[PDB]
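**Q** Enclosed is the structure file start_21.cif (mmCIF, C-alpha atoms and all ligand atoms).
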```cif
data_upload
#
loop_
_atom_site.group_PDB
_atom_site.id
_atom_site.type_symbol
_atom_site.label_atom_id
_atom_site.label_comp_id
_atom_site.auth_asym_id
_atom_site.auth_seq_id
_atom_site.Cartn_x
_atom_site.Cartn_y
_atom_site.Cartn_z
ATOM 1 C CA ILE A 19 3.158 -10.550 -3.383
ATOM 2 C CA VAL A 20 2.752 -13.511 -5.763
ATOM 3 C CA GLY A 21 5.317 -14.088 -8.534
ATOM 4 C CA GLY A 22 7.610 -11.293 -7.359
ATOM 5 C CA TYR A 23 11.142 -11.152 -5.994
ATOM 6 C CA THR A 24 12.988 -10.463 -2.748
ATOM 7 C CA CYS A 25 13.377 -6.635 -2.701
ATOM 8 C CA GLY A 26 16.608 -6.577 -0.693
ATOM 9 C CA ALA A 27 16.855 -5.112 2.843
ATOM 10 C CA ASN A 28 15.782 -1.452 3.068
ATOM 11 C CA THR A 29 15.685 -0.982 -0.716
ATOM 12 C CA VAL A 30 12.084 0.277 -0.409
ATOM 13 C CA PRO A 31 12.697 2.877 2.326
ATOM 14 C CA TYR A 32 9.138 4.303 2.377
ATOM 15 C CA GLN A 33 7.594 0.860 2.966
ATOM 16 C CA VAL A 34 6.059 0.502 6.413
ATOM 17 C CA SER A 35 4.536 -2.456 8.261
ATOM 18 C CA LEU A 36 1.444 -1.732 10.379
ATOM 19 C CA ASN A 37 1.646 -3.855 13.519
ATOM 20 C CA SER A 38 -1.019 -4.663 16.131
ATOM 21 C CA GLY A 39 0.917 -7.502 17.771
ATOM 22 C CA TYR A 40 1.690 -8.869 14.266
ATOM 23 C CA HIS A 41 2.037 -7.429 10.741
ATOM 24 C CA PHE A 42 -1.449 -6.852 9.268
ATOM 25 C CA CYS A 43 -1.040 -4.212 6.507
ATOM 26 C CA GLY A 44 1.485 -2.159 4.591
ATOM 27 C CA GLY A 45 1.680 1.620 4.318
ATOM 28 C CA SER A 46 3.843 4.328 2.765
ATOM 29 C CA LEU A 47 5.743 7.012 4.690
ATOM 30 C CA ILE A 48 4.979 10.386 3.060
ATOM 31 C CA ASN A 49 6.797 12.645 5.542
ATOM 32 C CA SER A 50 8.502 12.379 8.939
ATOM 33 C CA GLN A 51 5.118 12.198 10.769
ATOM 34 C CA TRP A 52 2.571 10.676 8.367
ATOM 35 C CA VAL A 53 1.806 7.366 6.710
ATOM 36 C CA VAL A 54 -0.688 6.670 3.876
ATOM 37 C CA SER A 55 -2.452 3.289 3.941
ATOM 38 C CA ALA A 56 -5.798 1.726 2.895
ATOM 39 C CA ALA A 57 -8.936 2.611 4.809
ATOM 40 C CA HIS A 58 -9.768 -1.109 4.995
ATOM 41 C CA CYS A 59 -6.618 -1.403 7.150
ATOM 42 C CA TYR A 60 -8.159 0.819 9.825
ATOM 43 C CA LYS A 61 -7.941 -0.432 13.430
ATOM 44 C CA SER A 62 -7.049 0.999 16.819
ATOM 45 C CA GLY A 63 -3.705 0.326 18.547
ATOM 46 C CA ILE A 64 -1.484 0.600 15.479
ATOM 47 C CA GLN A 65 2.281 0.645 15.824
ATOM 48 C CA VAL A 66 4.062 1.782 12.670
ATOM 49 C CA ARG A 67 7.237 -0.184 11.898
ATOM 50 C CA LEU A 68 9.717 1.597 9.680
ATOM 51 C CA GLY A 69 13.013 0.351 8.282
ATOM 52 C CA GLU A 70 11.797 -3.274 8.262
ATOM 53 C CA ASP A 71 13.115 -6.091 6.127
ATOM 54 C CA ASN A 72 12.534 -9.322 8.038
ATOM 55 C CA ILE A 73 9.410 -8.467 10.113
ATOM 56 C CA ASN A 74 10.239 -11.291 12.555
ATOM 57 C CA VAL A 75 13.850 -10.302 13.329
ATOM 58 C CA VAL A 76 15.257 -7.069 14.749
ATOM 59 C CA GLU A 77 17.991 -6.358 12.216
ATOM 60 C CA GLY A 78 19.200 -2.871 13.249
ATOM 61 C CA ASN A 79 17.485 -0.269 11.066
ATOM 62 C CA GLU A 80 13.990 -0.340 12.558
ATOM 63 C CA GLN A 81 12.041 2.522 14.029
ATOM 64 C CA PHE A 82 8.882 1.524 15.895
ATOM 65 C CA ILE A 83 6.514 4.479 16.470
ATOM 66 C CA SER A 84 2.912 4.288 17.749
ATOM 67 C CA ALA A 85 0.120 6.042 15.865
ATOM 68 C CA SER A 86 -1.331 9.113 17.598
ATOM 69 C CA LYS A 87 -4.295 9.384 15.221
ATOM 70 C CA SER A 88 -5.871 7.719 12.216
ATOM 71 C CA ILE A 89 -7.998 9.519 9.629
ATOM 72 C CA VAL A 90 -10.092 7.370 7.304
ATOM 73 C CA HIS A 91 -11.181 9.202 4.124
ATOM 74 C CA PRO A 92 -14.480 11.024 4.766
ATOM 75 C CA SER A 93 -16.121 9.155 1.828
ATOM 76 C CA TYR A 94 -14.717 5.665 2.355
ATOM 77 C CA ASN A 95 -17.335 2.986 1.598
ATOM 78 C CA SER A 96 -16.344 -0.394 3.076
ATOM 79 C CA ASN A 97 -18.799 -2.287 0.804
ATOM 80 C CA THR A 98 -17.539 -0.952 -2.551
ATOM 81 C CA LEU A 99 -14.040 0.004 -1.308
ATOM 82 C CA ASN A 100 -14.491 3.367 -2.999
ATOM 83 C CA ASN A 101 -12.072 5.921 -1.470
ATOM 84 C CA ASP A 102 -9.916 3.200 0.147
ATOM 85 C CA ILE A 103 -7.368 5.541 1.748
ATOM 86 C CA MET A 104 -6.376 6.464 5.278
ATOM 87 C CA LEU A 105 -3.780 8.701 6.935
ATOM 88 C CA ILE A 106 -1.914 7.721 10.108
ATOM 89 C CA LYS A 107 0.009 10.247 12.209
ATOM 90 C CA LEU A 108 3.046 9.084 14.188
ATOM 91 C CA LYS A 109 3.376 10.006 17.886
ATOM 92 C CA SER A 110 6.906 11.198 17.121
ATOM 93 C CA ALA A 111 8.703 12.168 13.910
ATOM 94 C CA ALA A 112 10.651 9.376 12.205
ATOM 95 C CA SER A 113 14.383 9.958 11.828
ATOM 96 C CA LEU A 114 14.798 10.111 8.044
ATOM 97 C CA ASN A 115 17.886 8.512 6.484
ATOM 98 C CA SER A 116 18.815 6.355 3.438
ATOM 99 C CA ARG A 117 16.846 3.358 4.794
ATOM 100 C CA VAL A 118 13.851 5.243 6.211
ATOM 101 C CA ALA A 119 12.617 7.838 3.725
ATOM 102 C CA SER A 120 9.415 9.441 2.534
ATOM 103 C CA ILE A 121 7.950 8.866 -0.932
ATOM 104 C CA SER A 122 6.794 11.824 -3.054
ATOM 105 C CA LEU A 123 3.090 12.330 -3.712
ATOM 106 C CA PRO A 124 2.143 12.656 -7.373
ATOM 107 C CA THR A 125 1.460 16.063 -8.943
ATOM 108 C CA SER A 126 -0.322 14.333 -11.822
ATOM 109 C CA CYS A 127 -1.973 10.967 -12.394
ATOM 110 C CA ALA A 128 -0.114 8.098 -14.071
ATOM 111 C CA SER A 129 -1.099 6.572 -17.408
ATOM 112 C CA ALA A 130 -1.730 2.988 -18.500
ATOM 113 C CA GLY A 131 1.568 1.341 -19.462
ATOM 114 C CA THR A 132 3.659 3.096 -16.802
ATOM 115 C CA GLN A 133 5.755 0.589 -14.848
ATOM 116 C CA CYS A 134 5.393 0.605 -11.063
ATOM 117 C CA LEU A 135 6.920 -1.145 -8.092
ATOM 118 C CA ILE A 136 4.478 -2.864 -5.729
ATOM 119 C CA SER A 137 5.762 -4.237 -2.422
ATOM 120 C CA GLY A 138 4.705 -5.964 0.788
ATOM 121 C CA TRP A 139 4.818 -8.900 3.200
ATOM 122 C CA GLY A 140 1.579 -10.473 1.957
ATOM 123 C CA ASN A 141 0.811 -14.008 0.785
ATOM 124 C CA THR A 142 3.180 -15.333 -1.925
ATOM 125 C CA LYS A 143 0.859 -18.108 -3.180
ATOM 126 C CA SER A 144 -2.123 -17.811 -5.541
ATOM 127 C CA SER A 145 -3.604 -21.125 -4.462
ATOM 128 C CA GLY A 146 -2.216 -21.953 -1.017
ATOM 129 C CA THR A 147 -0.813 -19.759 1.756
ATOM 130 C CA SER A 148 2.772 -18.773 2.566
ATOM 131 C CA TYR A 149 3.745 -15.539 4.267
ATOM 132 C CA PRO A 150 7.285 -14.268 3.732
ATOM 133 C CA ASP A 151 9.385 -12.795 6.458
ATOM 134 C CA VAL A 152 11.322 -10.431 4.162
ATOM 135 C CA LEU A 153 9.898 -7.724 1.898
ATOM 136 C CA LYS A 154 8.752 -8.846 -1.551
ATOM 137 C CA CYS A 155 8.588 -6.701 -4.699
ATOM 138 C CA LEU A 156 6.789 -6.830 -8.045
ATOM 139 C CA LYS A 157 7.328 -4.663 -11.104
ATOM 140 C CA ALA A 158 3.973 -4.245 -12.886
ATOM 141 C CA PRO A 159 2.365 -1.946 -15.470
ATOM 142 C CA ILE A 160 -0.715 0.127 -14.916
ATOM 143 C CA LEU A 161 -3.555 -1.312 -17.036
ATOM 144 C CA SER A 162 -6.015 0.690 -19.141
ATOM 145 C CA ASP A 163 -9.200 1.763 -17.391
ATOM 146 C CA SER A 164 -11.224 -0.051 -20.071
ATOM 147 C CA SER A 165 -9.462 -3.370 -19.431
ATOM 148 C CA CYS A 166 -9.815 -2.767 -15.674
ATOM 149 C CA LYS A 167 -13.578 -2.188 -15.972
ATOM 150 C CA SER A 168 -13.919 -5.210 -18.291
ATOM 151 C CA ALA A 169 -12.145 -7.421 -15.728
ATOM 152 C CA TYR A 170 -14.410 -6.213 -12.926
ATOM 153 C CA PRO A 171 -17.794 -5.160 -14.377
ATOM 154 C CA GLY A 172 -19.724 -2.678 -12.202
ATOM 155 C CA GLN A 173 -16.942 -2.343 -9.602
ATOM 156 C CA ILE A 174 -14.244 0.078 -10.847
ATOM 157 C CA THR A 175 -14.761 3.703 -9.833
ATOM 158 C CA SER A 176 -12.811 6.784 -10.890
ATOM 159 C CA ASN A 177 -10.836 6.342 -7.628
ATOM 160 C CA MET A 178 -9.419 2.966 -8.666
ATOM 161 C CA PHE A 179 -6.988 1.606 -11.207
ATOM 162 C CA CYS A 180 -5.778 -1.853 -12.160
ATOM 163 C CA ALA A 181 -2.169 -2.875 -12.347
ATOM 164 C CA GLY A 182 -0.524 -6.192 -13.102
ATOM 165 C CA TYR A 183 -0.888 -8.941 -15.672
ATOM 166 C CA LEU A 184 -4.118 -10.255 -17.224
ATOM 167 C CA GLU A 185 -2.391 -13.609 -17.858
ATOM 168 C CA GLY A 186 -2.115 -14.120 -14.066
ATOM 169 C CA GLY A 187 0.835 -15.346 -11.970
ATOM 170 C CA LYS A 188 2.049 -11.949 -10.709
ATOM 171 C CA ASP A 189 0.022 -9.805 -8.273
ATOM 172 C CA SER A 190 -0.228 -8.337 -4.794
ATOM 173 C CA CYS A 191 -2.273 -10.378 -2.277
ATOM 174 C CA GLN A 192 -3.728 -10.594 1.263
ATOM 175 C CA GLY A 193 -1.312 -8.930 3.716
ATOM 176 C CA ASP A 194 -0.048 -6.485 1.056
ATOM 177 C CA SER A 195 -3.134 -4.297 1.714
ATOM 178 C CA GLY A 196 -2.384 -0.633 2.303
ATOM 179 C CA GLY A 197 1.085 -0.870 0.771
ATOM 180 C CA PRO A 198 2.677 1.201 -2.012
ATOM 181 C CA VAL A 199 2.439 1.260 -5.774
ATOM 182 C CA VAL A 200 5.288 3.575 -6.807
ATOM 183 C CA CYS A 201 5.702 4.726 -10.415
ATOM 184 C CA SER A 202 8.557 6.946 -11.597
ATOM 185 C CA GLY A 203 9.304 7.858 -7.939
ATOM 186 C CA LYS A 204 5.731 8.871 -7.030
ATOM 187 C CA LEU A 205 3.154 7.108 -4.869
ATOM 188 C CA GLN A 206 0.387 6.480 -7.429
ATOM 189 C CA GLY A 207 -1.441 3.554 -5.795
ATOM 190 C CA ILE A 208 -2.349 1.790 -2.569
ATOM 191 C CA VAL A 209 -2.930 -1.981 -2.457
ATOM 192 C CA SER A 210 -6.734 -2.184 -2.183
ATOM 193 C CA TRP A 211 -8.452 -5.299 -3.573
ATOM 194 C CA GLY A 212 -8.876 -8.041 -6.175
ATOM 195 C CA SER A 213 -10.535 -11.363 -6.804
ATOM 196 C CA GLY A 214 -8.166 -13.904 -5.285
ATOM 197 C CA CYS A 215 -4.512 -13.206 -6.189
ATOM 198 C CA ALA A 216 -2.628 -13.613 -9.471
ATOM 199 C CA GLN A 217 -5.716 -15.148 -11.123
ATOM 200 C CA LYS A 218 -6.147 -14.883 -14.891
ATOM 201 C CA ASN A 219 -8.175 -11.793 -15.907
ATOM 202 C CA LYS A 220 -8.323 -10.609 -12.293
ATOM 203 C CA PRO A 221 -5.540 -8.027 -11.868
ATOM 204 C CA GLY A 222 -4.881 -6.078 -8.632
ATOM 205 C CA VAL A 223 -7.062 -3.040 -7.952
ATOM 206 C CA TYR A 224 -5.422 0.024 -6.420
ATOM 207 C CA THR A 225 -6.536 3.268 -4.809
ATOM 208 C CA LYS A 226 -5.837 6.152 -7.242
ATOM 209 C CA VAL A 227 -3.667 8.346 -4.993
ATOM 210 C CA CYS A 228 -3.439 11.312 -7.381
ATOM 211 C CA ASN A 229 -7.154 11.993 -6.680
ATOM 212 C CA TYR A 230 -6.404 12.442 -2.971
ATOM 213 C CA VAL A 231 -3.339 14.690 -2.942
ATOM 214 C CA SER A 232 -5.435 17.792 -2.164
ATOM 215 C CA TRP A 233 -7.156 16.006 0.775
ATOM 216 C CA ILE A 234 -3.841 14.603 2.024
ATOM 217 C CA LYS A 235 -2.122 18.012 1.993
ATOM 218 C CA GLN A 236 -4.930 19.904 3.729
ATOM 219 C CA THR A 237 -5.448 17.128 6.282
ATOM 220 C CA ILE A 238 -1.748 17.187 7.179
ATOM 221 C CA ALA A 239 -1.850 21.014 7.326
ATOM 222 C CA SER A 240 -4.464 20.989 10.126
ATOM 223 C CA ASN A 241 -3.584 17.854 12.090
HETATM 224 N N1 LIG B 1 -5.364 -9.491 -6.151
HETATM 225 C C1 LIG B 1 -4.960 -8.474 -5.383
HETATM 226 N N2 LIG B 1 -4.171 -7.608 -5.869
HETATM 227 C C2 LIG B 1 -5.447 -8.389 -3.965
HETATM 228 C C3 LIG B 1 -6.519 -9.191 -3.576
HETATM 229 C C4 LIG B 1 -6.991 -9.137 -2.265
HETATM 230 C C5 LIG B 1 -6.404 -8.292 -1.327
HETATM 231 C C6 LIG B 1 -6.938 -8.279 0.069
HETATM 232 N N3 LIG B 1 -7.213 -9.408 0.631
HETATM 233 N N4 LIG B 1 -7.689 -9.505 1.880
HETATM 234 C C7 LIG B 1 -8.202 -10.643 2.382
HETATM 235 O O1 LIG B 1 -8.297 -11.671 1.713
HETATM 236 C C8 LIG B 1 -8.662 -10.662 3.820
HETATM 237 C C9 LIG B 1 -8.042 -9.850 4.770
HETATM 238 C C10 LIG B 1 -8.477 -9.873 6.100
HETATM 239 C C11 LIG B 1 -9.528 -10.723 6.455
HETATM 240 N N5 LIG B 1 -10.103 -11.500 5.527
HETATM 241 C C12 LIG B 1 -9.705 -11.495 4.236
HETATM 242 C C13 LIG B 1 -5.328 -7.483 -1.714
HETATM 243 C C14 LIG B 1 -4.853 -7.530 -3.032
HETATM 244 CA CA CA B 2 12.997 -6.467 11.436
#
```
Can the structure in the file be given as structure tokens, please?
Ligand SMILES: N=C(N)c1ccc(/C=N/NC(=O)c2cccnc2)cc1
Ligand SMILES: [Ca+2]
**A**
Amino acid sequence: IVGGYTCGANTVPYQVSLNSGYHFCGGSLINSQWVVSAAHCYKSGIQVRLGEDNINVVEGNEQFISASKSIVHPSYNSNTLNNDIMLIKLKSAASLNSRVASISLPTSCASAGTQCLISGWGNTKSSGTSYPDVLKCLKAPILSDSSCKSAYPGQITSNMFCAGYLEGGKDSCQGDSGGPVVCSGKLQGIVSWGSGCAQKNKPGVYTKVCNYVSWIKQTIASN
């Protein structure tokens, strides 16, 4: 997260860190056994780390649970990043409490202008490289689909939306991938892609979660 703020320990209780010996992606806990992340975060040997603030220090609220299965969206295209969504099942159910909690799935899509909270442990610099240890947060509006398409000609599908600031300076970034965009208490987006980070006229692009709620529910129901 570039141009954001320190969230505060466990203030984003659905935020997960995906760990394969090190943090490599974010994710969102959607019930006691399932995490939503980006398909581009797919790899084997994932351990899901819940209740994290400082990802380099055991602080007392963590639950570390290995993934038992990963399900990349059937239509994920790694070249276009269309359908950039994946489900991860935990080997055991998380113990849900104030600091480890699921986030509600949307029942309808969000509109341009809605404010959202984007969070993660990704790069904090738009030019250089600095990775934070504690969770960073950014409040950002959803942008109109027309401005999104204008920013990224030929690249925005109906499964994507832009959020952030066309002036630059405030954005998600590398390492935030797979993490949440939460708007009015619903998971509306997943950190997917962008051109650099926090660059002028290049806002963050996010997976449009409301399109996938049907697939998420039925997948969970049979797995
Ligand atoms: N501007 C955003 N909101 C944004 C931009 C990019 C990304 C993702 N980056 N990933 C990388 O660079 C990368 C990751 C692994 C290996 N090699 C390169 C997320 C958000
Ligand atoms: Ca920790």
**Q** Set the cut-off to 10 Å, count all atoms listed in the file, and list whatever residues fall near ligand LIG 1 (chain B) as a VMD selection string.
**A** chain A and resid 19 to 20 42 to 43 58 to 59 136 140 to 141 144 180 to 182 186 188 to 197 208 to 217 220 to 224
**Q** Save the residues we just selected, C-alpha atoms, as an mmCIF file, in the frame of the given file?
**A**
```
data_model
loop_
_atom_site.group_PDB
_atom_site.id
_atom_site.type_symbol
_atom_site.label_atom_id
_atom_site.label_comp_id
_atom_site.auth_asym_id
_atom_site.auth_seq_id
_atom_site.Cartn_x
_atom_site.Cartn_y
_atom_site.Cartn_z
ATOM 1 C CA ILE A 19 3.158 -10.550 -3.383
ATOM 2 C CA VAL A 20 2.752 -13.511 -5.763
ATOM 3 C CA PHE A 42 -1.449 -6.852 9.268
ATOM 4 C CA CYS A 43 -1.040 -4.212 6.507
ATOM 5 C CA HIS A 58 -9.768 -1.109 4.995
ATOM 6 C CA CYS A 59 -6.618 -1.403 7.150
ATOM 7 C CA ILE A 136 4.478 -2.864 -5.729
ATOM 8 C CA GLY A 140 1.579 -10.473 1.957
ATOM 9 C CA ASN A 141 0.811 -14.008 0.785
ATOM 10 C CA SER A 144 -2.123 -17.811 -5.541
ATOM 11 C CA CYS A 180 -5.778 -1.853 -12.160
ATOM 12 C CA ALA A 181 -2.169 -2.875 -12.347
ATOM 13 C CA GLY A 182 -0.524 -6.192 -13.102
ATOM 14 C CA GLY A 186 -2.115 -14.120 -14.066
ATOM 15 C CA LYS A 188 2.049 -11.949 -10.709
ATOM 16 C CA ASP A 189 0.022 -9.805 -8.273
ATOM 17 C CA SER A 190 -0.228 -8.337 -4.794
ATOM 18 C CA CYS A 191 -2.273 -10.378 -2.277
ATOM 19 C CA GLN A 192 -3.728 -10.594 1.263
ATOM 20 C CA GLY A 193 -1.312 -8.930 3.716
ATOM 21 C CA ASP A 194 -0.048 -6.485 1.056
ATOM 22 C CA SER A 195 -3.134 -4.297 1.714
ATOM 23 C CA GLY A 196 -2.384 -0.633 2.303
ATOM 24 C CA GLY A 197 1.085 -0.870 0.771
ATOM 25 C CA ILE A 208 -2.349 1.790 -2.569
ATOM 26 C CA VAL A 209 -2.930 -1.981 -2.457
ATOM 27 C CA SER A 210 -6.734 -2.184 -2.183
ATOM 28 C CA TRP A 211 -8.452 -5.299 -3.573
ATOM 29 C CA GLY A 212 -8.876 -8.041 -6.175
ATOM 30 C CA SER A 213 -10.535 -11.363 -6.804
ATOM 31 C CA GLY A 214 -8.166 -13.904 -5.285
ATOM 32 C CA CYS A 215 -4.512 -13.206 -6.189
ATOM 33 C CA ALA A 216 -2.628 -13.613 -9.471
ATOM 34 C CA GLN A 217 -5.716 -15.148 -11.123
ATOM 35 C CA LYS A 220 -8.323 -10.609 -12.293
ATOM 36 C CA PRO A 221 -5.540 -8.027 -11.868
ATOM 37 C CA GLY A 222 -4.881 -6.078 -8.632
ATOM 38 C CA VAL A 223 -7.062 -3.040 -7.952
ATOM 39 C CA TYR A 224 -5.422 0.024 -6.420
#
```
**Q** Using all atoms listed in the file, which residues of the polymer chains come no farther than 12 Å from ligand CA 2 (chain B)? I'd like the answer as a ChimeraX atom specification.
**A** /A:27-28,34-35,37,40-41,67-82,139,151-153
**Q** What does the distance from atom CA of residue 88 of chain A to atom CA of residue 45 of chain A come to in Å, to one decimal?
**A**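 Separation between atom CA of residue 88 of chain A and atom CA of residue 45 of chain A: 12.5 Å.
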**Q** Please write the residues picked by the PyMOL selection byres (((chain A and resi 92) around 12) and not hetatm) on this file as a PyMOL selection string.
**A** chain A and resi 57+88-91+93-96+100-105+230+233-234+237
**Q** Quick one: of A:107, A:26, A:169, A:87, who's nearest to residue 54 of chain A, counting only C-alpha atoms?
**A**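 Closest to residue 54 of chain A of all the choices is A:107.
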**Q** For the file shown, what are the residues hit by the PyMOL selection byres (((chain A and resi 202) around 12) and not hetatm), laid out as a list in words?
**A**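 Taken on the displayed file, the PyMOL selection byres (((chain A and resi 202) around 12) and not hetatm) yields the residues residues 121, 122, 123, 124, 125, 126, 127, 128, 129, 131, 132, 133, 134, 135, 157, 159, 160, 199, 200, 201, 203, 204, 205 and 206 of chain A.
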**Q** Kindly indicate which residue among A:85, A:48, A:174, A:232 lies nearest to residue 65 of chain A, using only C-alpha atoms for the distances.
**A**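 Answer, going by the shortest atom-to-atom distance: A:85.
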**Q** So which one's closest to residue 227 of chain A, A:178, A:166, A:239, A:108? Using only C-alpha atoms, please.
**A**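 Smallest separation from residue 227 of chain A among the options: A:178.
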**Q** Around segment 184-202 of chain A, with edges along x, y and z and 3 Å added on all six sides, what centre and edge lengths do you get, in Å to one decimal, as lines of an AutoDock Vina configuration file?
**A**
```
center_x = 2.2
center_y = -4.2
center_z = -7.1
size_x = 18.7
size_y = 28.3
size_z = 27.6
```
**Q** Between atom CA of residue 219 of chain A and atom CA of residue 184 of chain A, what distance in Å does the model show, to one decimal?
**A** 4.5 Å
**Q** Can you work out which one of A:55, A:148, A:142, A:241 has the shortest atom-to-atom distance to residue 24 of chain A, counting all atoms listed in the file?
**A** A:142
**Q** Run the PyMOL selection byres (((chain A and resi 175) around 10) and not hetatm) on the file and write out the hits as a VMD selection string.
**A** chain A and resid 98 to 101 163 167 172 to 174 176 to 179 225 to 226
**Q** What separation in Å, quoted to one decimal, exists between atom CA of residue 109 of chain A and atom CA of residue 240 of chain A?
**A** 15.6 Å
**Q** Can you rebuild segment 145-160 of chain A with N, CA, C and O atoms and give it as a PDB file, in the coordinates of the input?
**A**
```pdb
ATOM      1  N   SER A 145      -2.701 -20.050  -4.826  1.00  0.00           N
ATOM      2  CA  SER A 145      -3.604 -21.125  -4.462  1.00  0.00           C
ATOM      3  C   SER A 145      -3.573 -21.399  -2.960  1.00  0.00           C
ATOM      4  O   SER A 145      -4.608 -21.333  -2.289  1.00  0.00           O
ATOM      5  N   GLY A 146      -2.386 -21.690  -2.439  1.00  0.00           N
ATOM      6  CA  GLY A 146      -2.216 -21.953  -1.017  1.00  0.00           C
ATOM      7  C   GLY A 146      -1.929 -20.695  -0.219  1.00  0.00           C
ATOM      8  O   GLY A 146      -2.414 -19.602  -0.558  1.00  0.00           O
ATOM      9  N   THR A 147      -1.139 -20.854   0.840  1.00  0.00           N
ATOM     10  CA  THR A 147      -0.813 -19.759   1.756  1.00  0.00           C
ATOM     11  C   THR A 147       0.617 -19.891   2.287  1.00  0.00           C
ATOM     12  O   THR A 147       0.980 -20.897   2.911  1.00  0.00           O
ATOM     13  N   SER A 148       1.426 -18.870   2.019  1.00  0.00           N
ATOM     14  CA  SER A 148       2.772 -18.773   2.566  1.00  0.00           C
ATOM     15  C   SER A 148       3.118 -17.306   2.707  1.00  0.00           C
ATOM     16  O   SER A 148       3.075 -16.551   1.726  1.00  0.00           O
ATOM     17  N   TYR A 149       3.429 -16.918   3.938  1.00  0.00           N
ATOM     18  CA  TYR A 149       3.745 -15.539   4.267  1.00  0.00           C
ATOM     19  C   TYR A 149       5.248 -15.394   4.438  1.00  0.00           C
ATOM     20  O   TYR A 149       5.873 -16.165   5.199  1.00  0.00           O
ATOM     21  N   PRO A 150       5.845 -14.429   3.706  1.00  0.00           N
ATOM     22  CA  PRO A 150       7.285 -14.268   3.732  1.00  0.00           C
ATOM     23  C   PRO A 150       7.672 -13.477   4.967  1.00  0.00           C
ATOM     24  O   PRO A 150       6.852 -12.757   5.555  1.00  0.00           O
ATOM     25  N   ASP A 151       8.910 -13.620   5.373  1.00  0.00           N
ATOM     26  CA  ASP A 151       9.385 -12.795   6.458  1.00  0.00           C
ATOM     27  C   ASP A 151      10.001 -11.508   5.912  1.00  0.00           C
ATOM     28  O   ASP A 151       9.876 -10.447   6.531  1.00  0.00           O
ATOM     29  N   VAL A 152      10.654 -11.602   4.753  1.00  0.00           N
ATOM     30  CA  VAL A 152      11.322 -10.431   4.162  1.00  0.00           C
ATOM     31  C   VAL A 152      10.437  -9.766   3.103  1.00  0.00           C
ATOM     32  O   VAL A 152       9.495 -10.379   2.584  1.00  0.00           O
ATOM     33  N   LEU A 153      10.749  -8.514   2.784  1.00  0.00           N
ATOM     34  CA  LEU A 153       9.898  -7.724   1.898  1.00  0.00           C
ATOM     35  C   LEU A 153       9.990  -8.223   0.458  1.00  0.00           C
ATOM     36  O   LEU A 153      11.093  -8.463  -0.067  1.00  0.00           O
ATOM     37  N   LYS A 154       8.822  -8.392  -0.165  1.00  0.00           N
ATOM     38  CA  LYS A 154       8.752  -8.846  -1.551  1.00  0.00           C
ATOM     39  C   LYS A 154       8.312  -7.702  -2.462  1.00  0.00           C
ATOM     40  O   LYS A 154       7.610  -6.782  -2.025  1.00  0.00           O
ATOM     41  N   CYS A 155       8.764  -7.768  -3.714  1.00  0.00           N
ATOM     42  CA  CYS A 155       8.588  -6.701  -4.699  1.00  0.00           C
ATOM     43  C   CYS A 155       8.055  -7.295  -5.994  1.00  0.00           C
ATOM     44  O   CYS A 155       8.332  -8.459  -6.315  1.00  0.00           O
ATOM     45  N   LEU A 156       7.313  -6.474  -6.732  1.00  0.00           N
ATOM     46  CA  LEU A 156       6.789  -6.830  -8.045  1.00  0.00           C
ATOM     47  C   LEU A 156       6.819  -5.591  -8.929  1.00  0.00           C
ATOM     48  O   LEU A 156       6.302  -4.525  -8.541  1.00  0.00           O
ATOM     49  N   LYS A 157       7.433  -5.717 -10.103  1.00  0.00           N
ATOM     50  CA  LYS A 157       7.328  -4.663 -11.104  1.00  0.00           C
ATOM     51  C   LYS A 157       6.125  -5.004 -11.990  1.00  0.00           C
ATOM     52  O   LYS A 157       6.018  -6.130 -12.493  1.00  0.00           O
ATOM     53  N   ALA A 158       5.213  -4.043 -12.139  1.00  0.00           N
ATOM     54  CA  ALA A 158       3.973  -4.245 -12.886  1.00  0.00           C
ATOM     55  C   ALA A 158       3.502  -2.965 -13.557  1.00  0.00           C
ATOM     56  O   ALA A 158       3.647  -1.878 -12.994  1.00  0.00           O
ATOM     57  N   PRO A 159       2.920  -3.095 -14.761  1.00  0.00           N
ATOM     58  CA  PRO A 159       2.365  -1.946 -15.470  1.00  0.00           C
ATOM     59  C   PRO A 159       0.965  -1.594 -15.000  1.00  0.00           C
ATOM     60  O   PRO A 159       0.176  -2.478 -14.637  1.00  0.00           O
ATOM     61  N   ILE A 160       0.660  -0.310 -15.025  1.00  0.00           N
ATOM     62  CA  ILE A 160      -0.715   0.127 -14.916  1.00  0.00           C
ATOM     63  C   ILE A 160      -1.485  -0.327 -16.160  1.00  0.00           C
ATOM     64  O   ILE A 160      -0.995  -0.197 -17.286  1.00  0.00           O
TER      65      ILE A 160
END
```
